[PDB]
Amino acid sequence: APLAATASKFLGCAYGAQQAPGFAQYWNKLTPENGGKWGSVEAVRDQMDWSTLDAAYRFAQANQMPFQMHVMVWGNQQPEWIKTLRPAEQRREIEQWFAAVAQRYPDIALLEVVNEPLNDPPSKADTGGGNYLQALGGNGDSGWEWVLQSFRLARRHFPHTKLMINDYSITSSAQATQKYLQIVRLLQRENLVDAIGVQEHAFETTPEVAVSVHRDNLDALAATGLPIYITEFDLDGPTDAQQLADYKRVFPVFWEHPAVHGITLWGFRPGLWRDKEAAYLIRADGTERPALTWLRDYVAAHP
Ligand SMILES: [Ca+2]
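Every letter in the sequence shown is one number past the one before it in the working numbering, and letter 39, counting from 1, is 60.
Structure below.
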């Protein structure tokens with residue numbers, strides 16, 4: 022049985038080939054790690070490779086776990102062919118991408134419309150950069166026109182789907198939280214956003230900023246009345262002990278927050294994004310690390 026089986030909020034994980042073994046025995050919600058990024062689906066213009074995204078969606082439905090679509094608009098892993106197209110043609114391609122996802126996947130629990138607006142807008146012309154910011158109106162009058170246009174498109178094409186914004190390095194500072202909330206404020210003028218996501222990777226939760234500051238900033242995000250999701254949680258494990266200590270220090274602050282409606286770990290087996298930093302909770306030999314032993318007991322004790 023998954024760790025959060027009897028909890029009031031989900032505990033999910035990034036799903037993909039290396040995260041697949043025993044997945045449903047641990048987690049009760051998923052996000053496709055890479056297959057839902059536009060560059061993964063439409064690497065070649067007007068031919069859609071849905072295989073990896075289908076795999077994640079099929080698995081989620083078969084195990085009756087909520088599916089978070091990751092991700093519609095982002096500044097990495099976007100198609101290469103779109104970069105040099107005129108803004109009018111880029112926009113038509115974006116709209117087609119939105120309509121295609123909406124048609125194929127009607128049971129999306131949370132649609133991540135824009136990821137990393139404060140950190141990685143689709144304004145670069147490098148590998149996977151997209152370079153389509155101006156197709157969505159660029160900064161515009163508010164400074165975040167492109168975000169507004171992305172969520173407007175999401176509302177139009179996904180009329181019954183919960184819409185989420187996602188970003189990193191938010192709760193680590195009041196200034197970043199206030200910046201992020203300006204975007205949320207602009208979105209709420211047209212009631213365009215339903216959920217607030219913060220990634221909370223290991224680099225976001227280091228101890229030089231106290232967890233109480235993270236909690237205060239969670240309160241600030243919660244003041245919007247919108248549900249909060251922790252979307253891409255990981256903690257490094259150069260030693261088992263450091264990982265265990267960090268899990269004890271950091272995880273409860275997010276898990277116990279009343280506005281947090283779910284946490285998704287960004288992988289749990291080797292091959293996850295922060296493999297080099299040993300953020301995995303299960304070793305190469307299949308054995309559970311002390312942080313995971315603790316996590317199961319902690320989650321069971323906190324429904
Ligand atoms: Ca197309």
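Cβ atoms here follow ideal geometry from the backbone N, Cα and C, with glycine treated the same way.
| query | result |
| --- | --- |
| Assign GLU63 to one of two classes, buried (16 or more other C-beta atoms within 10 Å of its C-beta) or exposed (fewer than that). | buried |
| Going by C-alpha distance, which of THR182, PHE254, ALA123 is nearest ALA300? | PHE254 |
| Cutting at 6 angstroms between CB atoms, please list the residues of its own chain near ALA81, excluding the five before and the five after it. | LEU51, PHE88 |
| Can you tell me where the beta strand (DSSP E) with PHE254 in it begins and where it stops? | 249-254 |
| Between which two residues does the alpha helix (DSSP H) harbouring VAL205 extend? | 195-209 |
| Closest to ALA322 by C-alpha separation, out of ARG304, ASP296, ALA305, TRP276, would be which residue? | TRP276 |
| Can you name the residues that DSSP bridges to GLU229? | The partner list for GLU229 (beta bridge, DSSP) is empty, contrary to what the question assumes. |
| With DSSP as the reference, label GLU166 as helix, strand or coil. | helix |
| Comparing C-alpha positions only, which one of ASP237, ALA223, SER233, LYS269 sits nearest to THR252? | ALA223 |
| Looking only at C-alpha atoms, which of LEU24, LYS30, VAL274, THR226 sits nearest to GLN46? | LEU24 |
| Assign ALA35 to one of three DSSP states: helix, strand, or coil. | strand |
| Between the beta-carbon of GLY96 and the beta-carbon of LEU74, is there less than 7 angstroms? | no |
| Using only the heavy atoms of ligand 1, determine whether one of them is closer than 6 angstroms to the beta carbon of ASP67. | yes |
| Is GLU211 near ligand 1, in the sense that its beta carbon is under 6 angstroms from a heavy atom of that ligand? | no |
| With a threshold of 6 angstroms, establish whether the CB of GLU114 neighbours any heavy atom of ligand 1. | yes |
| Identify, in the order they occur along the chain, each residue of the same chain with its Cβ nearer than 7 angstroms to the Cβ of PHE31, setting aside the five sequence neighbours on each side. | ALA25, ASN49, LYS50, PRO87, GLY283 |
| What does DSSP give as the partner residues of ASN136 in its beta bridges? | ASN187 |
| Whole-angstrom Cβ separation of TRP102 and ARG66, contact assumed at under 8 angstroms? | 5 angstroms |
| When you compare each of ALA280, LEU316, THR245, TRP165 to residue 325 by their alpha carbons, which one comes out closest? | Nothing can be reported for residue 325, as the shown portion of the chain is limited to 22 through 324. |
| Let me know the secondary structure DSSP gives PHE119 once reduced to three states. | helix |
| Considering just the uninterrupted stretch of the beta strand (DSSP E) at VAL92, what are its terminal residues? | First-last for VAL92: undefined, no H or E at that position. |
| Taking the Cβ atom as the reference point for each residue, do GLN98 and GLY149 lie within a distance shorter than 7 angstroms? | yes |
| Are there 16 or more other CB atoms within 10 angstroms of the CB of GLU211, so buried, or fewer, so exposed? | exposed |
| Would a C-beta distance cut-off of 7 angstroms place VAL274 and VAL232 closer than the cut-off? | yes |
| For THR245, which beta-bridge partners are listed by DSSP? | Answer is none; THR245 lacks a bridge partner. |
| Between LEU256 and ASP240, which are expected to be in contact by the criterion C-beta below 8 angstroms, what is the C-beta distance as a whole number of angstroms? | Not quite, the Cβ-Cβ distance comes to about 22 angstroms (not below 8 angstroms), so this is no contact. |
| Would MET90 and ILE129 qualify as a contact pair, given that the criterion is a beta-carbon distance under 7 angstroms? | yes |
| Let me make sure I understand the geometry here. Which of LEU106, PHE44, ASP237, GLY159 has the alpha-carbon closest to that of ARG290? | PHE44 |
| Tell me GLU309's beta-bridge partners as DSSP assigns them. | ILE303 |
| Hey, which unbroken runs of the alpha helix (DSSP H) at 4 residues or more fall wholly within the region 259-299? | 261-276 |
| Near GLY292, which residues of its chain fall below 6 angstroms by C-beta distance, leaving aside the five closest residues on each side in sequence? | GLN39 |
| Span of the alpha helix (DSSP H) holding residue 19? | Not covered by the structure: residue 19. The range shown for the chain is 22 to 324. |
| Helix, strand or coil for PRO53? Go by DSSP, reduced to three states. | strand |
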